[PDB]
$ cat upload-v7.cif   # mmCIF, N, CA and C atoms
data_entry
loop_
_atom_site.label_atom_id
_atom_site.label_comp_id
_atom_site.auth_asym_id
_atom_site.auth_seq_id
_atom_site.Cartn_x
_atom_site.Cartn_y
_atom_site.Cartn_z
N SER U 1 -30.85 -33.28 70.44
CA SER U 1 -31.20 -34.11 71.58
C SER U 1 -32.30 -35.10 71.15
N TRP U 2 -32.54 -36.12 71.96
CA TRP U 2 -33.72 -36.96 71.70
C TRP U 2 -34.99 -36.13 71.85
N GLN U 3 -35.06 -35.24 72.83
CA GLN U 3 -36.31 -34.49 73.03
C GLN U 3 -36.63 -33.62 71.84
N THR U 4 -35.60 -32.94 71.26
CA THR U 4 -35.81 -32.10 70.04
C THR U 4 -36.24 -32.97 68.89
N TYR U 5 -35.62 -34.13 68.72
CA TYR U 5 -35.97 -35.06 67.66
C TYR U 5 -37.47 -35.43 67.79
N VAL U 6 -37.88 -35.83 68.98
CA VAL U 6 -39.29 -36.19 69.19
C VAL U 6 -40.22 -35.02 68.95
N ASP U 7 -39.92 -33.86 69.52
CA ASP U 7 -40.79 -32.70 69.36
C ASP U 7 -40.91 -32.31 67.90
N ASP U 8 -39.80 -32.37 67.14
CA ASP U 8 -39.82 -32.02 65.76
C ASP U 8 -40.68 -32.97 64.94
N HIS U 9 -40.77 -34.23 65.31
CA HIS U 9 -41.53 -35.19 64.56
C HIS U 9 -43.01 -35.17 65.01
N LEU U 10 -43.29 -35.08 66.29
CA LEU U 10 -44.68 -35.19 66.79
C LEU U 10 -45.44 -33.84 66.80
N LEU U 11 -44.70 -32.76 67.04
CA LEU U 11 -45.30 -31.45 67.16
C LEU U 11 -45.10 -30.64 65.91
N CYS U 12 -45.03 -31.34 64.79
CA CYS U 12 -44.91 -30.75 63.49
C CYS U 12 -46.11 -29.91 63.14
N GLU U 13 -45.91 -28.85 62.32
CA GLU U 13 -47.08 -28.04 61.97
C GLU U 13 -47.91 -28.63 60.85
N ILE U 14 -49.17 -28.30 60.96
CA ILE U 14 -50.10 -28.66 59.99
C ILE U 14 -51.03 -27.50 59.82
N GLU U 15 -51.04 -26.91 58.62
CA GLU U 15 -51.91 -25.74 58.36
C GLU U 15 -51.66 -24.63 59.39
N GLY U 16 -50.37 -24.47 59.78
CA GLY U 16 -50.08 -23.46 60.78
C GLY U 16 -50.25 -23.77 62.23
N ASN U 17 -50.76 -24.97 62.55
CA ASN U 17 -51.08 -25.34 63.92
C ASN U 17 -50.25 -26.56 64.33
N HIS U 18 -50.25 -26.88 65.59
CA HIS U 18 -49.50 -28.09 66.04
C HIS U 18 -50.23 -28.66 67.26
N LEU U 19 -50.03 -29.95 67.46
CA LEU U 19 -50.50 -30.57 68.66
C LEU U 19 -50.01 -29.91 69.91
N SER U 20 -50.81 -29.88 70.97
CA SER U 20 -50.38 -29.39 72.26
C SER U 20 -49.37 -30.34 72.93
N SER U 21 -49.61 -31.65 72.79
CA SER U 21 -48.69 -32.66 73.19
C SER U 21 -48.99 -33.94 72.45
N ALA U 22 -48.06 -34.87 72.51
CA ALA U 22 -48.23 -36.12 71.79
C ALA U 22 -47.28 -37.17 72.34
N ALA U 23 -47.59 -38.40 72.07
CA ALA U 23 -46.71 -39.55 72.46
C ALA U 23 -46.92 -40.70 71.58
N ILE U 24 -45.87 -41.56 71.50
CA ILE U 24 -45.99 -42.87 71.05
C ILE U 24 -45.84 -43.78 72.25
N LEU U 25 -46.81 -44.58 72.59
CA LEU U 25 -46.77 -45.48 73.74
C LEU U 25 -46.80 -46.91 73.25
N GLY U 26 -46.07 -47.78 73.95
CA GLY U 26 -46.30 -49.16 73.68
C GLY U 26 -47.71 -49.61 74.13
N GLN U 27 -48.21 -50.68 73.55
CA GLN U 27 -49.49 -51.25 74.00
C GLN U 27 -49.36 -51.79 75.41
N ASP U 28 -48.17 -51.98 75.92
CA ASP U 28 -47.88 -52.30 77.35
C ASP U 28 -47.87 -51.11 78.24
N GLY U 29 -48.17 -49.89 77.77
CA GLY U 29 -48.15 -48.75 78.60
C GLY U 29 -46.81 -48.08 78.79
N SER U 30 -45.78 -48.60 78.11
CA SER U 30 -44.47 -47.94 78.16
C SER U 30 -44.45 -46.72 77.23
N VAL U 31 -43.49 -45.86 77.44
CA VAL U 31 -43.27 -44.70 76.60
C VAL U 31 -42.24 -45.00 75.54
N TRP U 32 -42.57 -44.89 74.27
CA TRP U 32 -41.61 -44.93 73.17
C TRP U 32 -41.11 -43.58 72.81
N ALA U 33 -41.96 -42.55 72.89
CA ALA U 33 -41.55 -41.23 72.62
C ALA U 33 -42.60 -40.29 73.23
N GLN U 34 -42.23 -39.25 73.87
CA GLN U 34 -43.23 -38.29 74.37
C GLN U 34 -42.72 -36.90 74.18
N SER U 35 -43.61 -36.02 73.73
CA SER U 35 -43.29 -34.69 73.54
C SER U 35 -43.15 -34.03 74.84
N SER U 36 -42.56 -32.81 74.80
CA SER U 36 -42.10 -32.21 76.13
C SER U 36 -43.15 -32.02 77.21
N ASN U 37 -44.40 -31.75 76.82
CA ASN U 37 -45.55 -31.51 77.78
C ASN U 37 -46.64 -32.60 77.80
N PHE U 38 -46.32 -33.81 77.35
CA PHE U 38 -47.29 -34.85 77.40
C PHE U 38 -47.69 -35.15 78.85
N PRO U 39 -48.96 -35.41 79.14
CA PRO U 39 -49.33 -35.61 80.56
C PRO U 39 -48.78 -36.90 81.13
N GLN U 40 -48.71 -36.89 82.45
CA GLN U 40 -48.43 -38.16 83.14
C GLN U 40 -49.72 -38.93 83.12
N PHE U 41 -49.68 -40.13 82.70
CA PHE U 41 -50.84 -40.98 82.47
C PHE U 41 -50.67 -42.22 83.33
N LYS U 42 -51.78 -42.93 83.53
CA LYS U 42 -51.84 -44.08 84.41
C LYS U 42 -51.87 -45.37 83.62
N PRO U 43 -51.30 -46.42 84.16
CA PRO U 43 -51.39 -47.74 83.46
C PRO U 43 -52.83 -48.14 83.15
N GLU U 44 -53.76 -47.91 84.09
CA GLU U 44 -55.14 -48.38 83.90
C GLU U 44 -55.77 -47.56 82.77
N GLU U 45 -55.32 -46.35 82.51
CA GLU U 45 -55.88 -45.60 81.36
C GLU U 45 -55.51 -46.28 80.04
N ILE U 46 -54.30 -46.80 79.95
CA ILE U 46 -53.87 -47.49 78.74
C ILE U 46 -54.59 -48.85 78.61
N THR U 47 -54.80 -49.54 79.74
CA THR U 47 -55.57 -50.75 79.68
C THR U 47 -56.99 -50.50 79.13
N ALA U 48 -57.60 -49.39 79.61
CA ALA U 48 -58.95 -49.10 79.19
C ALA U 48 -58.97 -48.79 77.67
N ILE U 49 -57.97 -48.03 77.18
CA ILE U 49 -57.85 -47.77 75.76
C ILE U 49 -57.71 -49.04 74.93
N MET U 50 -56.80 -49.93 75.40
CA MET U 50 -56.65 -51.18 74.68
C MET U 50 -57.88 -52.01 74.66
N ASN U 51 -58.64 -52.01 75.78
CA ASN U 51 -59.82 -52.84 75.76
C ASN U 51 -60.92 -52.20 74.82
N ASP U 52 -60.89 -50.88 74.60
CA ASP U 52 -61.84 -50.28 73.64
C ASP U 52 -61.48 -50.56 72.17
N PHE U 53 -60.16 -50.78 71.90
CA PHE U 53 -59.79 -51.27 70.58
C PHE U 53 -60.26 -52.70 70.38
N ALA U 54 -60.15 -53.52 71.47
CA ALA U 54 -60.58 -54.92 71.38
C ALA U 54 -62.11 -55.07 71.34
N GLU U 55 -62.79 -54.23 72.10
CA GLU U 55 -64.27 -54.34 72.21
C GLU U 55 -64.81 -52.90 72.11
N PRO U 56 -64.97 -52.47 70.86
CA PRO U 56 -65.38 -51.06 70.64
C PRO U 56 -66.67 -50.76 71.32
N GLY U 57 -66.76 -49.51 71.82
CA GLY U 57 -67.93 -49.05 72.54
C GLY U 57 -67.80 -49.24 74.04
N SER U 58 -66.73 -49.90 74.51
CA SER U 58 -66.66 -50.16 75.94
C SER U 58 -66.27 -48.91 76.75
N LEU U 59 -65.53 -47.99 76.18
CA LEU U 59 -65.10 -46.85 76.89
C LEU U 59 -66.17 -45.81 77.00
N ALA U 60 -67.06 -45.72 75.99
CA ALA U 60 -67.96 -44.57 75.87
C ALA U 60 -68.83 -44.36 77.15
N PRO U 61 -69.41 -45.38 77.77
CA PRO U 61 -70.35 -45.09 78.88
C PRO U 61 -69.72 -44.36 79.97
N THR U 62 -68.46 -44.53 80.20
CA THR U 62 -67.83 -43.92 81.31
C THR U 62 -66.78 -42.78 80.95
N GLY U 63 -66.45 -42.60 79.67
CA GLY U 63 -65.55 -41.56 79.24
C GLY U 63 -64.13 -42.09 79.07
N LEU U 64 -63.36 -41.38 78.27
CA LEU U 64 -61.98 -41.68 78.08
C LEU U 64 -61.17 -40.79 79.05
N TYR U 65 -60.30 -41.45 79.85
CA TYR U 65 -59.44 -40.71 80.76
C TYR U 65 -57.98 -40.84 80.31
N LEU U 66 -57.32 -39.70 80.35
CA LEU U 66 -55.87 -39.70 80.04
C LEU U 66 -55.26 -38.65 80.93
N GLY U 67 -54.31 -39.06 81.77
CA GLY U 67 -53.72 -38.09 82.70
C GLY U 67 -54.74 -37.59 83.74
N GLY U 68 -55.78 -38.37 84.00
CA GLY U 68 -56.84 -37.99 84.91
C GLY U 68 -57.88 -37.09 84.29
N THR U 69 -57.64 -36.60 83.06
CA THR U 69 -58.61 -35.71 82.36
C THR U 69 -59.61 -36.55 81.61
N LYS U 70 -60.89 -36.19 81.76
CA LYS U 70 -61.96 -36.91 81.11
C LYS U 70 -62.33 -36.27 79.76
N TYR U 71 -62.49 -37.11 78.75
CA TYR U 71 -62.96 -36.71 77.43
C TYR U 71 -64.20 -37.48 77.10
N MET U 72 -65.17 -36.86 76.43
CA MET U 72 -66.29 -37.60 75.86
C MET U 72 -65.81 -38.43 74.66
N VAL U 73 -66.14 -39.68 74.61
CA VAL U 73 -65.83 -40.50 73.43
C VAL U 73 -66.74 -40.09 72.27
N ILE U 74 -66.14 -39.87 71.12
CA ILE U 74 -66.87 -39.57 69.89
C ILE U 74 -66.38 -40.52 68.81
N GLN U 75 -67.03 -40.50 67.63
CA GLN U 75 -66.80 -41.55 66.65
C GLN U 75 -65.32 -41.60 66.23
N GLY U 76 -64.77 -42.82 66.34
CA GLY U 76 -63.43 -43.18 65.92
C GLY U 76 -63.50 -44.02 64.72
N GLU U 77 -62.61 -45.04 64.69
CA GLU U 77 -62.55 -46.06 63.67
C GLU U 77 -62.51 -47.38 64.34
N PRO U 78 -63.42 -48.35 64.10
CA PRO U 78 -63.49 -49.53 64.98
C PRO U 78 -62.15 -50.28 65.02
N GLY U 79 -61.68 -50.52 66.24
CA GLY U 79 -60.45 -51.26 66.41
C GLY U 79 -59.18 -50.49 66.19
N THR U 80 -59.22 -49.25 65.66
CA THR U 80 -58.02 -48.56 65.22
C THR U 80 -57.87 -47.14 65.65
N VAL U 81 -58.97 -46.35 65.83
CA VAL U 81 -58.83 -44.97 66.23
C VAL U 81 -59.85 -44.68 67.32
N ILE U 82 -59.46 -44.09 68.38
CA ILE U 82 -60.33 -43.55 69.45
C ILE U 82 -60.24 -42.04 69.38
N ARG U 83 -61.38 -41.35 69.49
CA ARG U 83 -61.40 -39.92 69.53
C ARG U 83 -62.15 -39.44 70.78
N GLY U 84 -61.68 -38.36 71.34
CA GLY U 84 -62.31 -37.77 72.52
C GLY U 84 -62.42 -36.30 72.40
N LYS U 85 -63.41 -35.71 73.06
CA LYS U 85 -63.66 -34.25 73.03
C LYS U 85 -63.72 -33.72 74.47
N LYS U 86 -63.13 -32.54 74.64
CA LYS U 86 -63.27 -31.81 75.92
C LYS U 86 -63.29 -30.34 75.58
N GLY U 87 -64.45 -29.68 75.67
CA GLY U 87 -64.52 -28.30 75.21
C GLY U 87 -64.08 -28.19 73.79
N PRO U 88 -63.34 -27.11 73.46
CA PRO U 88 -62.80 -26.87 72.14
C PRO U 88 -61.55 -27.67 71.90
N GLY U 89 -61.16 -28.59 72.73
CA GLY U 89 -59.98 -29.43 72.48
C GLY U 89 -60.35 -30.90 72.48
N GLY U 90 -59.36 -31.76 72.50
CA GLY U 90 -59.65 -33.18 72.42
C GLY U 90 -58.41 -33.96 72.17
N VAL U 91 -58.59 -35.20 71.73
CA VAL U 91 -57.54 -36.21 71.61
C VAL U 91 -57.88 -37.14 70.52
N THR U 92 -56.84 -37.66 69.81
CA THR U 92 -56.94 -38.73 68.88
C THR U 92 -55.95 -39.80 69.26
N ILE U 93 -56.34 -41.04 69.29
CA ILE U 93 -55.47 -42.20 69.61
C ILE U 93 -55.58 -43.15 68.50
N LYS U 94 -54.41 -43.48 67.87
CA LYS U 94 -54.42 -44.47 66.80
C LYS U 94 -53.59 -45.64 67.16
N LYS U 95 -54.16 -46.80 67.06
CA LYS U 95 -53.48 -48.09 67.31
C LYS U 95 -52.56 -48.42 66.16
N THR U 96 -51.36 -48.90 66.49
CA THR U 96 -50.46 -49.45 65.48
C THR U 96 -50.30 -50.95 65.73
N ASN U 97 -49.34 -51.58 65.03
CA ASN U 97 -49.21 -53.02 65.27
C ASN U 97 -48.65 -53.33 66.67
N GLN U 98 -47.82 -52.46 67.20
CA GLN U 98 -47.17 -52.72 68.53
C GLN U 98 -47.34 -51.58 69.49
N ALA U 99 -47.94 -50.45 69.07
CA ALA U 99 -47.91 -49.23 69.83
C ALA U 99 -49.24 -48.48 69.67
N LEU U 100 -49.25 -47.26 70.14
CA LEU U 100 -50.36 -46.30 70.06
C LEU U 100 -49.78 -44.98 69.86
N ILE U 101 -50.39 -44.15 69.01
CA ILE U 101 -50.00 -42.77 68.74
C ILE U 101 -51.10 -41.91 69.48
N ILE U 102 -50.77 -40.99 70.31
CA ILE U 102 -51.75 -40.10 71.00
C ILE U 102 -51.37 -38.69 70.65
N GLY U 103 -52.37 -37.90 70.19
CA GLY U 103 -52.20 -36.46 70.01
C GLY U 103 -53.27 -35.72 70.75
N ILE U 104 -52.93 -34.70 71.48
CA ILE U 104 -53.85 -33.84 72.25
C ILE U 104 -53.81 -32.49 71.60
N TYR U 105 -55.00 -31.92 71.31
CA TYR U 105 -55.11 -30.61 70.68
C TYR U 105 -55.98 -29.66 71.50
N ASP U 106 -55.73 -28.38 71.18
CA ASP U 106 -56.50 -27.25 71.73
C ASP U 106 -56.69 -26.24 70.65
N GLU U 107 -57.67 -25.38 70.76
CA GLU U 107 -57.76 -24.25 69.78
C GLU U 107 -56.40 -23.47 69.76
N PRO U 108 -55.97 -23.02 68.58
CA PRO U 108 -56.67 -22.99 67.33
C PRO U 108 -56.57 -24.23 66.44
N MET U 109 -55.84 -25.26 66.86
CA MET U 109 -55.84 -26.47 66.04
C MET U 109 -57.28 -27.04 65.99
N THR U 110 -57.60 -27.53 64.83
CA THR U 110 -58.96 -28.12 64.64
C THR U 110 -58.92 -29.63 64.91
N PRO U 111 -60.07 -30.20 65.21
CA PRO U 111 -60.10 -31.64 65.38
C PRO U 111 -59.62 -32.39 64.16
N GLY U 112 -59.94 -31.90 62.96
CA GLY U 112 -59.55 -32.55 61.75
C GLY U 112 -58.02 -32.51 61.53
N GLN U 113 -57.42 -31.39 61.93
CA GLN U 113 -55.94 -31.32 61.83
C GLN U 113 -55.28 -32.31 62.83
N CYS U 114 -55.81 -32.45 64.05
CA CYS U 114 -55.31 -33.44 65.01
C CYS U 114 -55.43 -34.86 64.39
N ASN U 115 -56.64 -35.15 63.88
CA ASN U 115 -56.85 -36.46 63.29
C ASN U 115 -55.85 -36.75 62.19
N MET U 116 -55.66 -35.80 61.27
CA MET U 116 -54.84 -36.07 60.17
C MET U 116 -53.37 -36.31 60.62
N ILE U 117 -52.82 -35.49 61.52
CA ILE U 117 -51.42 -35.67 62.11
C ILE U 117 -51.30 -37.08 62.68
N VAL U 118 -52.19 -37.35 63.62
CA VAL U 118 -52.09 -38.59 64.39
C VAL U 118 -52.25 -39.78 63.50
N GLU U 119 -53.24 -39.76 62.68
CA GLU U 119 -53.58 -40.83 61.67
C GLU U 119 -52.38 -41.13 60.80
N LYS U 120 -51.83 -40.08 60.25
CA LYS U 120 -50.69 -40.17 59.34
C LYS U 120 -49.43 -40.73 60.06
N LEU U 121 -49.15 -40.19 61.24
CA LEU U 121 -48.05 -40.73 62.16
C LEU U 121 -48.20 -42.22 62.26
N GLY U 122 -49.44 -42.62 62.60
CA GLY U 122 -49.67 -44.02 62.82
C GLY U 122 -49.51 -44.84 61.59
N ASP U 123 -49.96 -44.38 60.45
CA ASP U 123 -49.73 -45.11 59.22
C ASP U 123 -48.25 -45.30 58.92
N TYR U 124 -47.46 -44.25 59.13
CA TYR U 124 -46.02 -44.31 59.02
C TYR U 124 -45.44 -45.46 59.85
N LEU U 125 -45.81 -45.46 61.11
CA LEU U 125 -45.29 -46.44 62.03
C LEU U 125 -45.71 -47.85 61.66
N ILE U 126 -46.98 -48.03 61.32
CA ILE U 126 -47.46 -49.35 60.93
C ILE U 126 -46.73 -49.82 59.68
N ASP U 127 -46.50 -48.91 58.71
CA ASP U 127 -45.83 -49.34 57.47
C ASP U 127 -44.46 -49.88 57.75
N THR U 128 -43.81 -49.48 58.83
CA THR U 128 -42.51 -50.09 59.24
C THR U 128 -42.64 -51.33 60.10
N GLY U 129 -43.85 -51.83 60.30
CA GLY U 129 -44.08 -53.04 61.05
C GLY U 129 -44.26 -52.79 62.53
N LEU U 130 -44.49 -51.59 62.98
CA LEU U 130 -44.64 -51.26 64.38
C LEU U 130 -46.01 -50.74 64.72
#
$ encode --input "upload-v7.cif" --output "structure tokens"
Amino acid sequence: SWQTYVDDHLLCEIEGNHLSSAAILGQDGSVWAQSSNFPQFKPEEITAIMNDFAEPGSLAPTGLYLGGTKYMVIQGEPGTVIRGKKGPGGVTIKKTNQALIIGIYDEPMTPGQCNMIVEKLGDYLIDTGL
């Protein structure tokens, strides 16, 4: 199925762990691919993410929201990666040329394993021009 194809690619294991959910979203807020339990998210959340890629530091004062859940903004990569923390879990968002890769993690996955999955996904996509 398309859903199995997506889950197999986004929820792949890394060091024995896997993302809780993940998506590839267009920079327009559309869905390119979403894993089976990815949250329902709001258009304005994607706008806020895009404006933090354009003007880094803009999201931090008020927090990163995705699916109505608030994350503390922590150090990303200027213009390219946003990271958020909520308890022992969090999120990594990587900008591509036309899209965004989002991975959400929880224990026992580590923040570094989330980063590496999401980062690598995004490099893959960018290398194909997307």
$ closest_residue --input "upload-v7.cif" --among "U:49, U:130, U:125, U:66" --to "residue 82 (chain U)" --atoms "only N, CA and C atoms"
U:49
$ resolve_selection --input "upload-v7.cif" --expression "the PyMOL selection byres ((chain U and resi 79) around 7)" --output "PDB file with N, CA and C atoms, keeping the file's coordinate frame"
ATOM      1  N   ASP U  52     -60.890 -50.880  74.600  1.00  0.00           N
ATOM      2  CA  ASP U  52     -61.840 -50.280  73.640  1.00  0.00           C
ATOM      3  C   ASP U  52     -61.480 -50.560  72.170  1.00  0.00           C
ATOM      4  N   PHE U  53     -60.160 -50.780  71.900  1.00  0.00           N
ATOM      5  CA  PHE U  53     -59.790 -51.270  70.580  1.00  0.00           C
ATOM      6  C   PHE U  53     -60.260 -52.700  70.380  1.00  0.00           C
ATOM      7  N   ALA U  54     -60.150 -53.520  71.470  1.00  0.00           N
ATOM      8  CA  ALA U  54     -60.580 -54.920  71.380  1.00  0.00           C
ATOM      9  C   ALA U  54     -62.110 -55.070  71.340  1.00  0.00           C
ATOM     10  N   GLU U  55     -62.790 -54.230  72.100  1.00  0.00           N
ATOM     11  CA  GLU U  55     -64.270 -54.340  72.210  1.00  0.00           C
ATOM     12  C   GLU U  55     -64.810 -52.900  72.110  1.00  0.00           C
ATOM     13  N   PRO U  56     -64.970 -52.470  70.860  1.00  0.00           N
ATOM     14  CA  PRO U  56     -65.380 -51.060  70.640  1.00  0.00           C
ATOM     15  C   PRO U  56     -66.670 -50.760  71.320  1.00  0.00           C
ATOM     16  N   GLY U  76     -64.770 -42.820  66.340  1.00  0.00           N
ATOM     17  CA  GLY U  76     -63.430 -43.180  65.920  1.00  0.00           C
ATOM     18  C   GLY U  76     -63.500 -44.020  64.720  1.00  0.00           C
ATOM     19  N   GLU U  77     -62.610 -45.040  64.690  1.00  0.00           N
ATOM     20  CA  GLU U  77     -62.550 -46.060  63.670  1.00  0.00           C
ATOM     21  C   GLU U  77     -62.510 -47.380  64.340  1.00  0.00           C
ATOM     22  N   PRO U  78     -63.420 -48.350  64.100  1.00  0.00           N
ATOM     23  CA  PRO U  78     -63.490 -49.530  64.980  1.00  0.00           C
ATOM     24  C   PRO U  78     -62.150 -50.280  65.020  1.00  0.00           C
ATOM     25  N   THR U  80     -59.220 -49.250  65.660  1.00  0.00           N
ATOM     26  CA  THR U  80     -58.020 -48.560  65.220  1.00  0.00           C
ATOM     27  C   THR U  80     -57.870 -47.140  65.650  1.00  0.00           C
ATOM     28  N   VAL U  81     -58.970 -46.350  65.830  1.00  0.00           N
ATOM     29  CA  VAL U  81     -58.830 -44.970  66.230  1.00  0.00           C
ATOM     30  C   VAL U  81     -59.850 -44.680  67.320  1.00  0.00           C
ATOM     31  N   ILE U  82     -59.460 -44.090  68.380  1.00  0.00           N
ATOM     32  CA  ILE U  82     -60.330 -43.550  69.450  1.00  0.00           C
ATOM     33  C   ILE U  82     -60.240 -42.040  69.380  1.00  0.00           C
ATOM     34  N   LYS U  95     -54.160 -46.800  67.060  1.00  0.00           N
ATOM     35  CA  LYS U  95     -53.480 -48.090  67.310  1.00  0.00           C
ATOM     36  C   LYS U  95     -52.560 -48.420  66.160  1.00  0.00           C
TER      37      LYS U  95
END
$ residues_around --input "upload-v7.cif" --residues "region 105-114 of chain U" --least-positions-apart "4" --cutoff "6 Å" --atoms "all atoms listed in the file" --output "number ranges by chain"
U: 17-21, 88-91, 118-119
$ residues_around --input "upload-v7.cif" --residues "region 24-32 of chain U" --least-positions-apart "2" --cutoff "6 Å" --atoms "all atoms listed in the file" --output "PDB file with N, CA and C atoms, in the frame of the given file"
ATOM      1  N   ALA U  22     -48.060 -34.870  72.510  1.00  0.00           N
ATOM      2  CA  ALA U  22     -48.230 -36.120  71.790  1.00  0.00           C
ATOM      3  C   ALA U  22     -47.280 -37.170  72.340  1.00  0.00           C
ATOM      4  N   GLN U  34     -42.230 -39.250  73.870  1.00  0.00           N
ATOM      5  CA  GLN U  34     -43.230 -38.290  74.370  1.00  0.00           C
ATOM      6  C   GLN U  34     -42.720 -36.900  74.180  1.00  0.00           C
ATOM      7  N   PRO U  43     -51.300 -46.420  84.160  1.00  0.00           N
ATOM      8  CA  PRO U  43     -51.390 -47.740  83.460  1.00  0.00           C
ATOM      9  C   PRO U  43     -52.830 -48.140  83.150  1.00  0.00           C
ATOM     10  N   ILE U  46     -54.300 -46.800  79.950  1.00  0.00           N
ATOM     11  CA  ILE U  46     -53.870 -47.490  78.740  1.00  0.00           C
ATOM     12  C   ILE U  46     -54.590 -48.850  78.610  1.00  0.00           C
ATOM     13  N   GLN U  98     -47.820 -52.460  67.200  1.00  0.00           N
ATOM     14  CA  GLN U  98     -47.170 -52.720  68.530  1.00  0.00           C
ATOM     15  C   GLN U  98     -47.340 -51.580  69.490  1.00  0.00           C
ATOM     16  N   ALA U  99     -47.940 -50.450  69.070  1.00  0.00           N
ATOM     17  CA  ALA U  99     -47.910 -49.230  69.830  1.00  0.00           C
ATOM     18  C   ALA U  99     -49.240 -48.480  69.670  1.00  0.00           C
ATOM     19  N   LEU U 100     -49.250 -47.260  70.140  1.00  0.00           N
ATOM     20  CA  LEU U 100     -50.360 -46.300  70.060  1.00  0.00           C
ATOM     21  C   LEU U 100     -49.780 -44.980  69.860  1.00  0.00           C
ATOM     22  N   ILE U 101     -50.390 -44.150  69.010  1.00  0.00           N
ATOM     23  CA  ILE U 101     -50.000 -42.770  68.740  1.00  0.00           C
ATOM     24  C   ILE U 101     -51.100 -41.910  69.480  1.00  0.00           C
ATOM     25  N   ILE U 102     -50.770 -40.990  70.310  1.00  0.00           N
ATOM     26  CA  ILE U 102     -51.750 -40.100  71.000  1.00  0.00           C
ATOM     27  C   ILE U 102     -51.370 -38.690  70.650  1.00  0.00           C
TER      28      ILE U 102
END
$ residues_around --input "upload-v7.cif" --residues "residue 60 (chain U)" --least-positions-apart "4" --cutoff "7 Å" --atoms "all atoms listed in the file" --output "short mmCIF file (atom, residue, chain, number, x, y, z; two decimals) with N, CA and C atoms, in the coordinates of the input"
data_model
loop_
_atom_site.label_atom_id
_atom_site.label_comp_id
_atom_site.auth_asym_id
_atom_site.auth_seq_id
_atom_site.Cartn_x
_atom_site.Cartn_y
_atom_site.Cartn_z
N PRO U 56 -64.97 -52.47 70.86
CA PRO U 56 -65.38 -51.06 70.64
C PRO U 56 -66.67 -50.76 71.32
N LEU U 64 -63.36 -41.38 78.27
CA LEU U 64 -61.98 -41.68 78.08
C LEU U 64 -61.17 -40.79 79.05
N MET U 72 -65.17 -36.86 76.43
CA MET U 72 -66.29 -37.60 75.86
C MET U 72 -65.81 -38.43 74.66
N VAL U 73 -66.14 -39.68 74.61
CA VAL U 73 -65.83 -40.50 73.43
C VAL U 73 -66.74 -40.09 72.27
N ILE U 74 -66.14 -39.87 71.12
CA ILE U 74 -66.87 -39.57 69.89
C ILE U 74 -66.38 -40.52 68.81
#
$ atom_distance --input "upload-v7.cif" --atom1 "CA of residue 121 (chain U)" --atom2 "CA of residue 5 (chain U)"
14.4 Å
$ atom_distance --input "upload-v7.cif" --atom1 "CA of residue 9 (chain U)" --atom2 "CA of residue 104 (chain U)"
14.6 Å
$ residues_around --input "upload-v7.cif" --residues "residue 67 (chain U)" --least-positions-apart "6" --cutoff "9 Å" --atoms "only C-alpha atoms" --output "PyMOL selection string"
chain U and resi 38-42+45
$ atom_distance --input "upload-v7.cif" --atom1 "CA of residue 83 (chain U)" --atom2 "CA of residue 63 (chain U)"
10.7 Å
$ closest_residue --input "upload-v7.cif" --among "U:96, U:35, U:62, U:69" --to "residue 123 (chain U)" --atoms "only N, CA and C atoms"
U:96
$ select_by_dssp --input "upload-v7.cif" --residues "chain U" --states "helix (DSSP H, G or I)" --output "ChimeraX atom specification"
/U:2-10,43-54,111-127
$ select_by_dssp --input "upload-v7.cif" --residues "region 44-123 of chain U" --states "strand (DSSP E)" --output "NGL selection string"
:U and (64-66 or 69-77 or 81-86 or 89-95 or 99-105)
$ closest_residue --input "upload-v7.cif" --among "U:87, U:44, U:51, U:94" --to "residue 65 (chain U)" --atoms "only N, CA and C atoms"
U:44
$ resolve_selection --input "upload-v7.cif" --expression "the PyMOL selection byres (((chain U and resi 6 and name CA) around 9) and name CA)" --output "compact mmCIF listing (two decimals) with N, CA and C atoms, keeping the file's coordinate frame"
# COMPACT_ATOMS: atom_id res chain seq x y z
N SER U 1 -30.85 -33.28 70.44
CA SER U 1 -31.20 -34.11 71.58
C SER U 1 -32.30 -35.10 71.15
N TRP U 2 -32.54 -36.12 71.96
CA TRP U 2 -33.72 -36.96 71.70
C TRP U 2 -34.99 -36.13 71.85
N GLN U 3 -35.06 -35.24 72.83
CA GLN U 3 -36.31 -34.49 73.03
C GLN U 3 -36.63 -33.62 71.84
N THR U 4 -35.60 -32.94 71.26
CA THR U 4 -35.81 -32.10 70.04
C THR U 4 -36.24 -32.97 68.89
N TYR U 5 -35.62 -34.13 68.72
CA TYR U 5 -35.97 -35.06 67.66
C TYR U 5 -37.47 -35.43 67.79
N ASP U 7 -39.92 -33.86 69.52
CA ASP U 7 -40.79 -32.70 69.36
C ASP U 7 -40.91 -32.31 67.90
N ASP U 8 -39.80 -32.37 67.14
CA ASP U 8 -39.82 -32.02 65.76
C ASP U 8 -40.68 -32.97 64.94
N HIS U 9 -40.77 -34.23 65.31
CA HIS U 9 -41.53 -35.19 64.56
C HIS U 9 -43.01 -35.17 65.01
N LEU U 10 -43.29 -35.08 66.29
CA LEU U 10 -44.68 -35.19 66.79
C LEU U 10 -45.44 -33.84 66.80
N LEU U 11 -44.70 -32.76 67.04
CA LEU U 11 -45.30 -31.45 67.16
C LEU U 11 -45.10 -30.64 65.91
N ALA U 23 -47.59 -38.40 72.07
CA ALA U 23 -46.71 -39.55 72.46
C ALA U 23 -46.92 -40.70 71.58
N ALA U 33 -41.96 -42.55 72.89
CA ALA U 33 -41.55 -41.23 72.62
C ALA U 33 -42.60 -40.29 73.23
N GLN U 34 -42.23 -39.25 73.87
CA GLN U 34 -43.23 -38.29 74.37
C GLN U 34 -42.72 -36.90 74.18
N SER U 35 -43.61 -36.02 73.73
CA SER U 35 -43.29 -34.69 73.54
C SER U 35 -43.15 -34.03 74.84
N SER U 36 -42.56 -32.81 74.80
CA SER U 36 -42.10 -32.21 76.13
C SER U 36 -43.15 -32.02 77.21
$ closest_residue --input "upload-v7.cif" --among "U:97, U:68, U:115, U:103" --to "residue 127 (chain U)" --atoms "all atoms listed in the file"
U:97
$ closest_residue --input "upload-v7.cif" --among "U:14, U:50, U:128, U:70" --to "residue 93 (chain U)" --atoms "only C-alpha atoms"
U:50
